[PDB]
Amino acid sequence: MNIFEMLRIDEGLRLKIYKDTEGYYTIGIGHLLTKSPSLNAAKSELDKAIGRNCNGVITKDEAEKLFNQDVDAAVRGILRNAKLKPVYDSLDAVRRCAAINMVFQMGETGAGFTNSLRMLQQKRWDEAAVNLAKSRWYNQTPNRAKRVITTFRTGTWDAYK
C-alpha cells in the first residue's frame, strides 16, 4: 500500500467526464476539471490538461499521468504551507498518506482542521479521529472519511485491506 493505491481505491477510474460527489465535472482518478456548470468549460480544461482535443474522453495512460501530477501537487502544496508542513513532517509514512488523501480531496483551502492538525501533531490519535469526524467532510463522504480517519487513528492500512 502507498498513496497511489489508496487514492485509486477512494477515487476509482473513469475515462469519460463524470460528476464528483459534489456535482462537479471530473475525469480519470478524481481529477477535478471545473466547478462551472458548463460541460464545454470542463472539456476545455480537459484538452488543456492533456494537450490534445479529447472530446471528453481520455486513455488509462493519460488518467494515470494526470493522477501522478495531482498527487505530486498535493504533496508540494503541503510542503509549501507553513501550517501543514510541520504536522506532515511529524507523521509516519502511513499517516502522511492520509494527509495527502485529504489535501487531494479538499485542497489546502478545504484550513478549518486547525484543531485536528494540532491533535495529530501531538499524536493524540483517538482524539484526532473524534475531531476529524466533526466535519462536513465526514458527513458528506462518510465511508471514505472513515477509511482516512482509521488510517490516522491506527497508522495501518487496515481500512484499505
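Numbers for residues come from their place in the sequence shown, where the first is 1.
- In this entry, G110 is separated from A111 by 1 to 3 residues of the deposited sequence that have no coordinates.
- 34-42 and 90-98 differ in mean CA B-factor, and the higher of the two is recorded for 34-42.
- As recorded in the PDB entry, 51-59 is the stretch of 51-59 and 25-33 with the greater mean C-alpha temperature factor.
- The deposited CA B-factor of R14 belongs to the highest third of values across its chain.
- Looking at the C-alpha B-factors along this chain, the one for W157 belongs to the middle third.
- When the modelled residues of the chain are ordered by C-alpha B-factor, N68 sits in the lowest third.
- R136: CA B factor in the lowest third of modelled residues in this chain (values from the PDB entry).
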